[PDB]
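S.K.: Just passing along the structure, written as structure tokens.
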Amino acid sequence: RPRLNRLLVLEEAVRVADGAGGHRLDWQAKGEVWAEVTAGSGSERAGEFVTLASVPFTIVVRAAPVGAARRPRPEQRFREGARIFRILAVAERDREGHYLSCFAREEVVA
Amino acid sequence: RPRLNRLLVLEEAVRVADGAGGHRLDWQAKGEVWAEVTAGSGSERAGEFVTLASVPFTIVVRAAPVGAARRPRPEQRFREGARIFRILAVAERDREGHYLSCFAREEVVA
Amino acid sequence: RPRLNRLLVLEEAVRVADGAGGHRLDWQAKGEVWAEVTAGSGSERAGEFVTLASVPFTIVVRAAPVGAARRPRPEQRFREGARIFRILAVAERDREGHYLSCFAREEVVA
Amino acid sequence: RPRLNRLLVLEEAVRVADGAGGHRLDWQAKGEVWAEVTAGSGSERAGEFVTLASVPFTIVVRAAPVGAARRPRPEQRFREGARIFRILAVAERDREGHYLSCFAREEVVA
Amino acid sequence: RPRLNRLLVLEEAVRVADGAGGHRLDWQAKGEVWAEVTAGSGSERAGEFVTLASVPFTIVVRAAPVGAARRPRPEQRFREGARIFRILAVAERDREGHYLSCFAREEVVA
Amino acid sequence: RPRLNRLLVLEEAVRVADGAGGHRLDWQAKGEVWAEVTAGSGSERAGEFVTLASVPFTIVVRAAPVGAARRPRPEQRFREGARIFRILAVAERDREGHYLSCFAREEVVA
Amino acid sequence: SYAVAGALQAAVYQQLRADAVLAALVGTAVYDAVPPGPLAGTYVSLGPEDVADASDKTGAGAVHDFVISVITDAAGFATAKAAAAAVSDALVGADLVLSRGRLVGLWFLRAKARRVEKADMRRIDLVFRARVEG
Amino acid sequence: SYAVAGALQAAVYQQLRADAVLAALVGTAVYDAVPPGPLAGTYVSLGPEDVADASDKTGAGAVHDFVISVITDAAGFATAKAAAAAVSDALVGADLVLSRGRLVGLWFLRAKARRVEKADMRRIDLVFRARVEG
Amino acid sequence: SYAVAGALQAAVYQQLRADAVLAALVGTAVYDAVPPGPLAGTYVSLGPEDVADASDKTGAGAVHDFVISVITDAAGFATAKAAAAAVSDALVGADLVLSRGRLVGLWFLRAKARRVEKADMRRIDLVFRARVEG
Amino acid sequence: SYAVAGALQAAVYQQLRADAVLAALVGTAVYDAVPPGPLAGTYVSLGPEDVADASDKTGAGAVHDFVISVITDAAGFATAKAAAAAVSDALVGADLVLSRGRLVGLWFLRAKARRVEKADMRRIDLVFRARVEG
Amino acid sequence: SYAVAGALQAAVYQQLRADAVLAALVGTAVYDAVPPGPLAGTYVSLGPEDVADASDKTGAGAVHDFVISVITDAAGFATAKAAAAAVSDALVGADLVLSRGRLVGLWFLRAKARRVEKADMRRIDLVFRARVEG
Amino acid sequence: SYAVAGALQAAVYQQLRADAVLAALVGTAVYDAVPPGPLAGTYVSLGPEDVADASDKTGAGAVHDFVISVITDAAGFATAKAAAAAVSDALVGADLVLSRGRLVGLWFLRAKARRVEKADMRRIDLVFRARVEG
């Protein structure tokens, strides 16, 4: 069972809609979770005009019902200091349902 | 052998045909199954204009003859609350034929 | 060694040639084999205009010389009731030559 | 170490050159080898206008110096009755150099 | 736990900006780290007009906080003599956080 | 640790430059190494107009400093009789640094 | 697509499945959405149009170049020709009735015919020009 | 893109979600940025324009060929036609108000309609020509 | 494709396998659907046409640009030329008999020749223009 | 590229990061080479030109069709429009100073706008024609 | 392809391997089918033509645009130029003898030259127009 | 390619590595075949031409559209411009000496400039038209 050791400031953006239909994100902070962060095989990835450096980072937190504040939705991102971990998906790692796998990137521009 | 713990409301859509040849789906509920849901490696996937977040979710239920109500056909989808699991295929997991692997997505827009 | 438990009605089509060079298939039945059907990882596959649901289904039967009726050629298909298993290839699974791996699809339209 | 059980009629084509630069193959027979034939994962493959059924078939024979008749060059093909095994490459399977891996197809039109 | 045996001269380039917006790199040396260098499966890769020979080279050093000189950022490269190891990403290999996986190339023109 | 059994005549080409900027290769012989040659999964590969037969052939020799004659640079090729092994990359297989993995092709035209 | 395209696919679906030929040659397997089941395998499909915006100052119309594909699991595709021949016999110079506006001419355009996948299935597209008037 | 493109997508988003039809046929699911949640599945999307730089010595303008796609999870895409028909009924000859300059004519162009992925989702692009004057 | 395409592929298959040359140069290996077995390897194939809709007010016709490919397992493809030469000697100016309508001219068009796969098999397409009259 | 291209990208970078708008709308994130760090995410990029060689007997010049892309991590890309509007307000009819030769007209060309990857990032290219005289 | 194509590749293979230059510059390595062995590595290859059907009422001919590629394992491809120069010196205005009909002019067309794979091998295609008369 | 192409790449390589600029801006890193070693990283490359066969009844010539690429490992590619500017300053209106025939005009054509891979390396092609006379 996972050994949780990092403090990840979970962050959810409020979506202020603009006139054209596109929302504007704020990334106001949410309450902090505890998690383990297990790396994957990382390599740099061609962005737009940026040679973005990415690593897979399966993050494991504890669980909650889907209508609770403690669930990381894939809308949200983690942030440890200045290292933003995006959330690709959340997937309910444990069999009994105690732990959630998340999926991250840590795309540093490099 | 699989330990079944989730309650999945199986759902089958009746196909009201329109004038052009395309059926209109309703997704009326069917009776509930018990299942285990084992996650796969998940990552977000480029939809149409949506950055859809998908995870593989091999779902295992019990079996039935093919002309029975209890078989999940790949027409149908599961739904646990508001988390719709589509069915990709059903594949008869067990050797003796007691259990069926299903294959899901859980495409949340994110 | 494989435990054979399913009854698969082997089917071979006679090829009535049309005027243009294309044969017309009939899929008259052939004698029934016994086989095991081991599933693979299945997912739905983009057909023509159909979202076909496929699973790999390595089918194992007993063997025969190549000029015998009991060999499934890859011309032929299996059929268990209304579930047609196409044959991709036959590959002589056993070392001593007692068993043949087949390779199937079960493309249900879904 | 491999258990050799099949008799494969090795075949080498003499190359009668035509006027345009292209050789014409004959596939005259060569002496017979003993080999094991281990199948791979097979599936049908899109040919030209033929839905060719192929399986990998790593064939293992004994070895010889490269200027000897007993070496299967990748020019040559095997043939067991009417089942022609092409040779993709030969690769010297054993550490001491007693056995050669070959690589086959068995492309039946199907 | 990794056995560190190579001396890698870590190098960071100062970015003298030119008039057009592009920085000019210098690759001034930084202090030397100790590391292990574990090779991956290497093969030559098509460059621009160069047939560049690359190998994966997961390099493992010790860790530091992200605002410290001892962290290899993916901006930087290693250099052992005249063998420059680029840095693809840094990924915090250890569970307790003592060791960092790096990811290299060693693209020799060949 | 690797058991070295083959004698591979290492070959380095001197680069006589022509008038247009392209060097002309000679492939003069260099001193002979001892090596093991471990095959990979081989299959024929589409060349230019040649159906080239290739196999991976990870070759392992002993090591040297990079400015020594005994290092196979990826410029060079091996040759055992008339079987030329190109060198894709050299990668320092051993942890202590005694052995070098090379990477070959053996592209016979076939 | 344009405003008539809601009614155009509806009416060309209704002229299909009413021709006597292609009812004894395909059956009930003429659709846009595939009825899930066993996939009969000698169907046609009528969905992908595109518009070429032929309009006016006063009023507007459309040129719907809709594609009706013919898919066939038979070994040869001489079976797929006569089913596609019964498509083209049913639609060129149709003069049918629409729910939004009307069409003025349902002509014929390019009709390619090839093997889609593994050379097991055969697709015969049939592009028909539908100049409709809104 | 050009200077008017900040105000053009804003105003064609405001003429959408104000038509009575496509409000009873799509709902509130007209957007550029997707609201994350359950993905309702019969939305439209209004983002990808491109400019064809029709300008002047004295002043300058733009030809915005913006694409409004219609995506629909229904089995057939006769549902997606009438939603796209309500797009085209809302936009050709619009004569709306911009924040930077004005447009002079919002015409209609090509509008293809196909299956994007696995043949489960159906995309109906609708290219509209927007000759704006800066 | 068009209504004549059911009878056109049937009649050009019948003029093939009746020429004396290409019967001593290919054999019985002229087909659309491949007879499964050992795959002889010096066959031809006659399936992919496309139509260029040359029609009338009164009546309608078609321009079938059908492709007859020549596939050959031989080391060089000088063998595949004379088999393709016996195709073209058999079909240009054919004046054959159809079951639906008639053709008026079976001309010749582009005929590319290349290696399809791994440079082991050689495909010689032969596009023939078939202006048929329905 | 041509001899002026060393000085052209330098001068259009200097007219950028001096406009007051796009300095309060992007910031200091106008570059060719990306400053590594946290990747702010609402930058522009000015690198890919191409030349259309408009020259003379006596002297020679160039038509630099340089692309300035606008990339934006925001949910919608109405934010990316006004940043691209401030690009185009800064560059059409620029009349700037070069180090090798001079330019005679910095016009405007096509400016497409789309989602590059996973539909998270939005690229607005802006092609500007730069007829320079060497 | 056309009827002359059986004899055309045969005769342009015979004019090759008879020129004194390219026999001291390539050797015996001029072929269509590759002789298996060690793959010498500075060969040429003469297979892919295509036809442009220039014909008549009375009689018919062909425009064979055949490609002769030059492949070279040398580090630079100045070696591959003079071998390709000896191709073009041997074939433009050839006036050779065919077995089916005759050719009237063997001209020269486009001849691209690039690196095929991993930048180790260099392919110089040489398209020659062969207007033959059947 | 054509007969002059053996001498053309040789002479444009000799006019390069003799210009004083691009010798203090690239160095000795002008080549076709790459000298293996450490890969310096601000080189140019002169190999891929293609011919446009401009010839005569009496005599024949060629239009070599040869590409000289500029590759640069620097963070921005303002460094790669002045190296490419020193290419174009060295070659347009060259009037050099060939070994087979002569050239009559070495003009300038399109010169694109982009990021090849991972956006770490920058390729500036420079197409030059070389009308040579054999």
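Convention: chains lettered A, B, ... in structure tokens order; per-chain residue numbering from 1; ligands numbered from 1 as shown.
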Could you list, as a PDB file with N, CA, C and O atoms, in the first residue's frame, every residue within 8 Å of residue 81 of chain L, counting only C-alpha atoms and ignoring same-chain residues fewer than 6 positions away?

M.R.:
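Listing of part.pdb after writing:
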```pdb
ATOM      1  N   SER J   1      18.724  34.038 -44.500  1.00  0.00           N
ATOM      2  CA  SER J   1      18.055  33.481 -45.662  1.00  0.00           C
ATOM      3  C   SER J   1      18.532  34.217 -46.894  1.00  0.00           C
ATOM      4  O   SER J   1      19.389  33.743 -47.626  1.00  0.00           O
ATOM      5  N   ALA J   3      20.218  38.177 -47.436  1.00  0.00           N
ATOM      6  CA  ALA J   3      21.125  38.962 -46.602  1.00  0.00           C
ATOM      7  C   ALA J   3      20.406  39.879 -45.619  1.00  0.00           C
ATOM      8  O   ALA J   3      20.957  40.200 -44.563  1.00  0.00           O
ATOM      9  N   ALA J   5      17.733  39.130 -43.927  1.00  0.00           N
ATOM     10  CA  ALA J   5      17.047  38.347 -42.902  1.00  0.00           C
ATOM     11  C   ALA J   5      17.774  38.306 -41.568  1.00  0.00           C
ATOM     12  O   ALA J   5      17.146  37.993 -40.553  1.00  0.00           O
ATOM     13  N   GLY J   6      19.070  38.617 -41.539  1.00  0.00           N
ATOM     14  CA  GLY J   6      19.749  38.802 -40.270  1.00  0.00           C
ATOM     15  C   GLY J   6      19.276  40.019 -39.504  1.00  0.00           C
ATOM     16  O   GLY J   6      19.220  39.998 -38.273  1.00  0.00           O
TER      17      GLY J   6
ATOM     18  N   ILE L 124      17.726  26.246 -42.214  1.00  0.00           N
ATOM     19  CA  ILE L 124      17.436  27.302 -43.166  1.00  0.00           C
ATOM     20  C   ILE L 124      17.859  26.767 -44.521  1.00  0.00           C
ATOM     21  O   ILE L 124      19.046  26.787 -44.850  1.00  0.00           O
TER      22      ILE L 124
END
```

S.K.: Would you mind listing, as a list in words, all residues of chain J that have at least one atom within 8 Å of chain E, where only C-alpha atoms are what counts?

M.R.: residues 9, 10, 11, 12, 13, 14, 30, 31, 32, 33, 34 and 36 of chain J

S.K.: Could I have chain J as a compact mmCIF listing (two decimals) with C-alpha atoms, in the first residue's frame after it is superimposed on chain G by least squares, pairing all C-alpha atoms in sequence order?

M.R.:
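The resulting file, part-v5.txt, is shown below:
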```txt
# COMPACT_ATOMS: atom_id res chain seq x y z
CA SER J 1 -25.16 22.08 -42.75
CA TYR J 2 -27.26 24.50 -44.68
CA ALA J 3 -30.91 24.67 -43.56
CA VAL J 4 -32.12 22.18 -46.16
CA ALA J 5 -29.68 19.47 -45.01
CA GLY J 6 -31.99 18.43 -42.18
CA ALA J 7 -34.64 17.46 -44.72
CA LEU J 8 -32.43 16.27 -47.57
CA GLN J 9 -30.92 13.23 -45.86
CA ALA J 10 -34.39 12.39 -44.58
CA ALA J 11 -35.91 12.35 -48.04
CA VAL J 12 -33.13 10.48 -49.82
CA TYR J 13 -33.41 7.90 -47.07
CA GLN J 14 -37.10 7.60 -47.84
CA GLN J 15 -36.62 7.14 -51.57
CA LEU J 16 -34.24 4.40 -50.58
CA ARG J 17 -35.93 1.45 -48.82
CA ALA J 18 -38.84 1.98 -51.23
CA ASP J 19 -37.21 0.89 -54.49
CA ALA J 20 -38.11 -2.72 -55.29
CA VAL J 21 -34.65 -3.44 -56.60
CA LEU J 22 -32.06 -2.97 -53.77
CA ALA J 23 -34.80 -4.30 -51.50
CA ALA J 24 -34.28 -7.74 -53.01
CA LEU J 25 -30.57 -7.01 -53.37
CA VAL J 26 -29.68 -5.42 -50.03
CA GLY J 27 -32.79 -5.88 -47.93
CA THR J 28 -33.55 -3.62 -44.99
CA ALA J 29 -29.85 -2.76 -44.58
CA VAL J 30 -29.99 0.86 -45.70
CA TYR J 31 -29.15 3.22 -42.87
CA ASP J 32 -27.03 5.99 -41.43
CA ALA J 33 -26.78 4.73 -37.87
CA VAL J 34 -25.86 1.08 -37.85
CA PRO J 35 -28.33 -1.19 -36.05
CA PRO J 36 -26.18 -3.20 -33.67
CA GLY J 37 -26.52 -6.93 -33.83
CA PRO J 38 -24.72 -9.33 -36.16
CA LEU J 39 -23.70 -6.79 -38.91
CA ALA J 40 -25.34 -8.39 -41.99
CA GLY J 41 -22.56 -7.16 -44.24
CA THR J 42 -23.99 -5.97 -47.55
CA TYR J 43 -25.31 -2.61 -46.41
CA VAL J 44 -25.16 0.93 -47.72
CA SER J 45 -24.58 4.10 -45.75
CA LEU J 46 -25.86 7.64 -46.33
CA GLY J 47 -24.22 10.31 -44.24
CA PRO J 48 -21.32 12.48 -45.44
CA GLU J 49 -22.46 15.44 -47.46
CA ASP J 50 -20.72 18.75 -48.00
CA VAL J 51 -22.12 22.05 -49.20
CA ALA J 52 -21.00 24.30 -52.04
CA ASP J 53 -23.09 27.35 -50.97
CA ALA J 54 -24.82 28.33 -54.23
CA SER J 55 -26.96 31.22 -53.04
CA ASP J 56 -28.61 34.52 -53.95
CA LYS J 57 -29.16 38.09 -52.93
CA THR J 58 -32.84 37.23 -52.42
CA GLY J 59 -32.91 33.76 -50.92
CA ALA J 60 -30.17 31.19 -50.58
CA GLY J 61 -29.57 27.59 -51.57
CA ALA J 62 -27.00 24.81 -51.35
CA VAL J 63 -25.11 22.25 -53.41
CA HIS J 64 -25.08 19.10 -51.29
CA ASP J 65 -22.52 16.64 -52.67
CA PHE J 66 -23.68 13.77 -50.50
CA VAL J 67 -21.85 10.46 -50.46
CA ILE J 68 -23.70 7.14 -50.38
CA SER J 69 -21.21 4.35 -49.77
CA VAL J 70 -21.85 0.69 -50.54
CA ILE J 71 -20.09 -1.84 -48.30
CA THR J 72 -20.06 -5.54 -49.09
CA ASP J 73 -18.52 -8.57 -47.38
CA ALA J 74 -18.72 -10.76 -50.48
CA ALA J 75 -15.55 -12.17 -52.00
CA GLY J 76 -15.86 -10.27 -55.23
CA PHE J 77 -17.61 -6.96 -55.53
CA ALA J 78 -19.76 -7.60 -58.52
CA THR J 79 -22.46 -7.96 -55.86
CA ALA J 80 -21.68 -4.43 -54.68
CA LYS J 81 -22.01 -3.02 -58.21
CA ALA J 82 -25.64 -3.93 -58.81
CA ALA J 83 -26.53 -2.67 -55.36
CA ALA J 84 -24.76 0.56 -56.27
CA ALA J 85 -26.41 0.41 -59.70
CA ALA J 86 -29.74 0.27 -57.91
CA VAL J 87 -28.66 3.28 -55.87
CA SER J 88 -27.90 5.30 -58.99
CA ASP J 89 -31.05 4.08 -60.75
CA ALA J 90 -33.04 5.36 -57.77
CA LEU J 91 -31.53 8.82 -57.37
CA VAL J 92 -30.44 10.53 -60.60
CA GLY J 93 -33.30 12.78 -61.68
CA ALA J 94 -35.20 11.96 -58.50
CA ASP J 95 -37.61 14.93 -58.16
CA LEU J 96 -38.56 14.16 -54.57
CA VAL J 97 -40.24 16.21 -51.83
CA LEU J 98 -38.35 17.99 -49.04
CA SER J 99 -39.51 19.41 -45.72
CA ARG J 100 -37.51 22.66 -45.95
CA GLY J 101 -37.50 24.12 -49.41
CA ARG J 102 -37.13 21.84 -52.39
CA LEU J 103 -34.39 20.47 -54.57
CA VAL J 104 -34.18 21.32 -58.24
CA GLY J 105 -31.82 18.64 -59.55
CA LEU J 106 -30.26 15.52 -58.06
CA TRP J 107 -27.45 14.82 -60.48
CA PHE J 108 -24.58 12.36 -60.42
CA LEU J 109 -20.89 12.90 -59.74
CA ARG J 110 -17.75 10.78 -59.19
CA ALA J 111 -18.22 7.26 -57.80
CA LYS J 112 -14.96 5.56 -56.78
CA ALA J 113 -14.84 1.89 -55.77
CA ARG J 114 -12.03 0.24 -53.75
CA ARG J 115 -11.10 -2.14 -50.91
CA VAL J 116 -11.19 -0.38 -47.52
CA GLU J 117 -9.49 -2.78 -45.11
CA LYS J 118 -7.41 -5.99 -45.36
CA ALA J 119 -9.06 -6.26 -48.84
CA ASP J 120 -12.01 -8.04 -47.14
CA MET J 121 -14.52 -5.14 -47.40
CA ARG J 122 -15.28 -3.09 -50.53
CA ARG J 123 -16.43 0.56 -50.43
CA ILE J 124 -18.19 2.11 -53.44
CA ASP J 125 -18.78 5.78 -52.76
CA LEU J 126 -21.39 7.50 -54.91
CA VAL J 127 -21.29 11.31 -54.86
CA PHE J 128 -24.59 12.90 -55.91
CA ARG J 129 -24.99 16.63 -56.46
CA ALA J 130 -28.13 17.97 -54.78
CA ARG J 131 -28.83 21.58 -55.72
CA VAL J 132 -31.48 22.50 -53.20
CA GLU J 133 -33.29 25.82 -52.86
CA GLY J 134 -34.12 27.14 -49.42
```

S.K.: Between atom CA of residue 3 of chain D and atom CA of residue 105 of chain F, what is the spacing in Å?

M.R.: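 Atom-to-atom, atom CA of residue 105 of chain F and atom CA of residue 3 of chain D are spaced 28.2 Å apart.
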